[PDB]
Amino acid sequence: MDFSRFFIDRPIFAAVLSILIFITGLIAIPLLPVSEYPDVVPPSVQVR
Amino acid sequence: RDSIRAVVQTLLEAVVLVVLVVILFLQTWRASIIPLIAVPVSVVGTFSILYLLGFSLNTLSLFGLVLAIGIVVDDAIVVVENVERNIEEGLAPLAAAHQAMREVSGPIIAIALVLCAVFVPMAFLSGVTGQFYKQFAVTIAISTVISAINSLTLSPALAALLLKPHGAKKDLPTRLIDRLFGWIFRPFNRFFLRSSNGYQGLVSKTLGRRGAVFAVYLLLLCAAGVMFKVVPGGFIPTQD
Amino acid sequence: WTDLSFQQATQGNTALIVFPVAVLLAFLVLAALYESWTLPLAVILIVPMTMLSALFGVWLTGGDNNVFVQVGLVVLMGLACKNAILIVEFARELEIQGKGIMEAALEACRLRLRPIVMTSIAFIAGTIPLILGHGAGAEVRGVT
């Protein structure tokens, strides 16, 4: 395939594709919840 | 109910004015029909995606379609205008369609991508303002995408079939249009030529004074940022 | 704050995130498609001219920067770029065909003036019912 050889002649297209991935990741960093572990703790209901 | 009926009537009023403009510029039933096909396809075809996304026929989504009336015809007009110019250059209608579409395929896809790139940030918003943005952005983006697809596929096919070479015999619908509405086209065509030719001289003069033009632009750049402070802020206007 | 005032206070600077991000996204797309860093700059430089023209209409009518004004700005951003793309793309191709910088730009404007005026007037004619709106909902339609 010529997929990789198509980008050697277009450095700006290759650069833009990598930039788009990077900036999108920066946006999502403050949007992610922060916790010690994933949702592994069983939910419990207490009757008193 | 009255508000929704009004925005639907506004949609119909916008179609009539847009259709009139297309006929005024193309001045042929064989040519003006191609942009007019793209209007129902893009507008009505949008509702299929709205159902999938769970949208509603509110007064903003319907309002987004009203603004999209003048946008869906843009891609079809570009194709038809380019094919017609090639015909005036002596090319056959089938050859003109091939020649025009190796020229406008780039910008048509480029314009569609740029429009989508502008509206996709709105789809990620939340809240009252985010929902309001989502109705307009999603509706207009879908209409433009369908219009771009229709212009890339159906517009060249109809152009190579309906359009005829220069100097060909005028059929009865065409000679009919020429006799009731020819008195608009002839003054308009010469008025357009005078405006365009004079505009060409204006560009030639302004290209030698880029320094003066750039200096004026810097003032306008500051003026645009000033006006974001002059106008008071608001959220939602009151209505009767 | 309660009711709509709660929503008005709760919402952030929603214009301050989407407007620069959308401009950045448009700039990156143009650079990728047309293989240049300065060519997209020729297109996005007209976006500030769009806001000045749009905010001039709302200021002349005594309006305010409400939501319906902002959605008009978003629409205008895409259409402003579309007009610029038509001029720039053809001048780029004419230079490849061996024409000079001034010659290609001058020739591209001549051959692309008609589609630009045709589309600009076509959209403008579509906003006449909004400008001359009447009846129910005419206030919000007139604002946009």
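Structure summary
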{"read-out": "Relative contact order of chain B, pairs being alpha-carbon contacts under 8 Å that are 6 or more residues apart, as %", "value": "25 percent"}
{"read-out": "Filtered trypsin sites (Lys or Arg not before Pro), the range B:1-81: DSSP coil and at most 16 other beta carbons within 10 Å", "value": "B:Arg1"}
{"read-out": "Peptides B:139-148, A:24-33, C:98-107 ordered by average Cβ neighbours within 10 Å, highest first", "value": "B:139-148, C:98-107, A:24-33"}
{"read-out": "Radius of gyration and Dmax over the Cα atoms of chain C, both given in Å", "value": "18.9, 66"}
{"read-out": "Percent of alpha-carbon pairs separated by more than 28 Å within chain B", "value": "50 percent"}
{"read-out": "Other protein chain Cβ atoms within 10 Å, averaged over every residue that makes up C:15-27", "value": "5"}
{"read-out": "Shielding of A:8-18 by partner chains, average beta-carbon count, 10 Å", "value": "3"}
{"read-out": "Anchor B:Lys164: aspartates and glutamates whose Cα lies under 14 Å away (excluding residues fewer than 8 positions away in-chain)", "value": "B:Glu81, B:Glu84, B:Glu88, B:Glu89"}
{"read-out": "Two-site label geometry, B:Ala123 and C:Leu41: point separation in nm, points 7 Å out along Cα→Cβ", "value": "3.1 nm"}
{"read-out": "Rg and Dmax of chain A, Cα atoms only, in Å", "value": "21.7, 71"}
{"read-out": "Shape metrics for the range B:192-239, restricted to C-alpha atoms - Rg then Dmax, Å", "value": "18.4, 51"}
{"read-out": "By average C-beta atoms within 10 angstrom, highest first, the peptides C:40-52, C:7-19, B:16-28", "value": "B:16-28, C:40-52, C:7-19"}
{"read-out": "Averaged over C:70-77, number of beta-carbon atoms from partner chains that fall within 10 Å", "value": "5"}
{"read-out": "Cβ charges +1 (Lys, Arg) and -1 (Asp, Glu), total dipole of the range C:1-133, debye", "value": "240 debye"}
{"read-out": "Cβ-derived FRET efficiency at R0 41 Å, B:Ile184 paired with C:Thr10, nearest 0.05", "value": "0.15"}
{"read-out": "Virtual paramagnetic centre 7 Å along Cα→Cβ of C:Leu24, amide N under 17 Å, in the range B:124-164", "value": "B:124-125"}
{"read-out": "Nearest 10 degrees, 0 to 90: helix A:11-28 Cα axis against chain A principal axis", "value": "10 degrees"}
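Bear in mind these aren't lab numbers, they're just calculated from the coordinates by the rules spelled out. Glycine also receives a Cβ, built like all others from the backbone with ideal geometry; neighbour counts cover every protein chain displayed.
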